[PDB]
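Report on the structure given below.
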Amino acid sequence: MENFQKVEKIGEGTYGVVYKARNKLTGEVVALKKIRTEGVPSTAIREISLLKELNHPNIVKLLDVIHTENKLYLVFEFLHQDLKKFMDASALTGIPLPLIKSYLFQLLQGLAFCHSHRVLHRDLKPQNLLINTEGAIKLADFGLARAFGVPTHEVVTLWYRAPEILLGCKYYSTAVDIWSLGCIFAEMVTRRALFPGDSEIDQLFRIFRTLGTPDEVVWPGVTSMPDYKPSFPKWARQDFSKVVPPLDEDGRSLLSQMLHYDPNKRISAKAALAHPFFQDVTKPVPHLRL
Ligand SMILES: C=CCNc1nc(N)c(C(=O)c2ccncc2)s1
């Protein structure tokens, strides 16, 4: 904008570009997202202005929404690093379990809050989980699909997409976020993406190959879904101890519940917080190189 100075470009999206900026007047440093077009749909600006009220310590604060000259600016509190970068930097050593558990616990708290207020993220990924030096981790760049929908030179990653979305479900439930967070949990533990699909069908088949091709037994209604094909190959579920070694049984149990095929059987964020895995949760600080 004009009340700001683009320190640097910190991100790219199909929607818009993200900049680290400094408020010429208040001096506060923020992340600024710029978006495209002929009048900007209002049904969007309303679901957006509503997110300005969704305040929680584990949700990146949306400071302002500014619609001007066919441009939409979202001003957010700035964090210094995202989990994707932190994982790459911790890849040789691995994030210590206590920190993984603390991050998973905080993210479930952020989701429990969003979900209790009927708001879904829809596009959780390491790149939009932001961390600070205080040991906090926060949810950012909400999918605002209910605000806009589902999305140059920016291929959308499908690695964290819940199976019901890939199968063409018309209505997303809060379970899509739990699925995405389970995939992230597995990735933090193993230091490798759980289901790195490079196309929608490849994404779906990688999930099937690991968790077994779903059927009416484990997911009632699955065979009636829009993109379900009877011709899908039938893979047997793989031994789950092979999925996230060396994660302990409490962690494996919780992950397995976050990855249930049936959105109705999938654990909620609130129930996940009560899982035995968090009996010894603590809040360590990460070592950050900024
Ligand atoms: C991760 C380091 C840069 N600092 C950031 N800080 C914040 N708050 C960021 C975002 O809210 C964000 C917006 C749109 N897409 C992705 C992230 S990015």
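Every number in my numbering is 6 more than the matching position in the sequence shown, counting from 1.
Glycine is no exception: its CB is placed at the ideal position from the N, C-alpha and C atoms.
At the level of alpha carbons, what is the spacing between residue i and residue j?
{"i": "residue 33", "j": "residue 39", "result": "18 angstroms"}
{"i": "residue 52", "j": "residue 179", "result": "21 angstroms"}
{"i": "residue 44", "j": "residue 76", "result": "6 angstroms"}
{"i": "residue 260", "j": "residue 210", "result": "22 angstroms"}
{"i": "residue 271", "j": "residue 263", "result": "8 angstroms"}
{"i": "residue 212", "j": "residue 230", "result": "21 angstroms"}
{"i": "residue 146", "j": "residue 122", "result": "17 angstroms"}
{"i": "residue 82", "j": "residue 66", "result": "7 angstroms"}
{"i": "residue 6", "j": "residue 19", "result": "With the chain covering 7 to 296 only, the question about residue 6 has no answer from this structure."}
{"i": "residue 148", "j": "residue 241", "result": "33 angstroms"}
{"i": "residue 58", "j": "residue 23", "result": "20 angstroms"}
{"i": "residue 236", "j": "residue 177", "result": "22 angstroms"}
{"i": "residue 221", "j": "residue 243", "result": "12 angstroms"}
{"i": "residue 214", "j": "residue 190", "result": "18 angstroms"}
{"i": "residue 56", "j": "residue 31", "result": "26 angstroms"}
{"i": "residue 247", "j": "residue 17", "result": "36 angstroms"}
DSSP three-state call for residue i: helix, strand or coil?
{"i": "residue 113", "result": "helix"}
{"i": "residue 45", "result": "coil"}
{"i": "residue 123", "result": "coil"}
{"i": "residue 78", "result": "strand"}
{"i": "residue 27", "result": "strand"}
{"i": "residue 254", "result": "coil"}
{"i": "residue 248", "result": "helix"}
{"i": "residue 11", "result": "strand"}
{"i": "residue 188", "result": "helix"}
{"i": "residue 97", "result": "coil"}
{"i": "residue 144", "result": "strand"}
{"i": "residue 69", "result": "strand"}
{"i": "residue 105", "result": "helix"}
{"i": "residue 228", "result": "helix"}
{"i": "residue 91", "result": "helix"}
{"i": "residue 137", "result": "strand"}
Taking the CB atoms as reference points, tell me whether residue i and residue j lie closer together than 7 angstroms.
{"i": "residue 153", "j": "residue 54", "result": "yes"}
{"i": "residue 238", "j": "residue 219", "result": "yes"}
{"i": "residue 199", "j": "residue 225", "result": "no"}
{"i": "residue 290", "j": "residue 104", "result": "yes"}
{"i": "residue 257", "j": "residue 284", "result": "no"}
{"i": "residue 192", "j": "residue 228", "result": "no"}
{"i": "residue 173", "j": "residue 109", "result": "no"}
{"i": "residue 94", "j": "residue 133", "result": "no"}
{"i": "residue 168", "j": "residue 156", "result": "no"}
{"i": "residue 187", "j": "residue 68", "result": "no"}
{"i": "residue 194", "j": "residue 106", "result": "yes"}
{"i": "residue 85", "j": "residue 125", "result": "no"}
{"i": "residue 139", "j": "residue 253", "result": "no"}
{"i": "residue 27", "j": "residue 15", "result": "no"}
{"i": "residue 141", "j": "residue 62", "result": "no"}
Quick one: using the 10 Å Cβ neighbour count with 16 as the cut-off for buried, is residue i buried or exposed?
{"i": "residue 143", "result": "buried"}
{"i": "residue 232", "result": "exposed"}
{"i": "residue 267", "result": "buried"}
{"i": "residue 64", "result": "buried"}
{"i": "residue 207", "result": "exposed"}
{"i": "residue 128", "result": "buried"}
{"i": "residue 79", "result": "buried"}
{"i": "residue 25", "result": "buried"}
{"i": "residue 131", "result": "buried"}
{"i": "residue 72", "result": "exposed"}
{"i": "residue 135", "result": "buried"}
{"i": "residue 150", "result": "buried"}
Please list, in chain order, all residues of the same chain as residue i whose beta carbon is under 8 angstroms from its beta carbon, the five residues on each side excluded.
{"i": "residue 97", "result": "197"}
{"i": "residue 273", "result": "184, 260, 263, 264, 266 and 281"}
{"i": "residue 205", "result": "164"}
Suppose the cutoff is 7 angstroms on Cβ atoms and the five residues either side in sequence are ignored; what does the same chain contact list for residue i look like?
{"i": "residue 92", "result": "137 and 292"}
{"i": "residue 29", "result": "9, 10 and 36"}
{"i": "residue 21", "result": "41 and 157"}
{"i": "residue 100", "result": "197"}
{"i": "residue 287", "result": "107, 108 and 111"}
{"i": "residue 90", "result": "132 and 133"}
{"i": "residue 162", "result": "20"}
Spatial neighbours of residue i within its chain, please: CB distance less than 6 angstroms, with the 5 preceding and 5 following residues excluded, ordered by chain position.
{"i": "residue 276", "result": "118"}
{"i": "residue 185", "result": "168"}
{"i": "residue 281", "result": "260"}
{"i": "residue 170", "result": "269"}
{"i": "residue 159", "result": "none"}
{"i": "residue 203", "result": "164, 209 and 212"}
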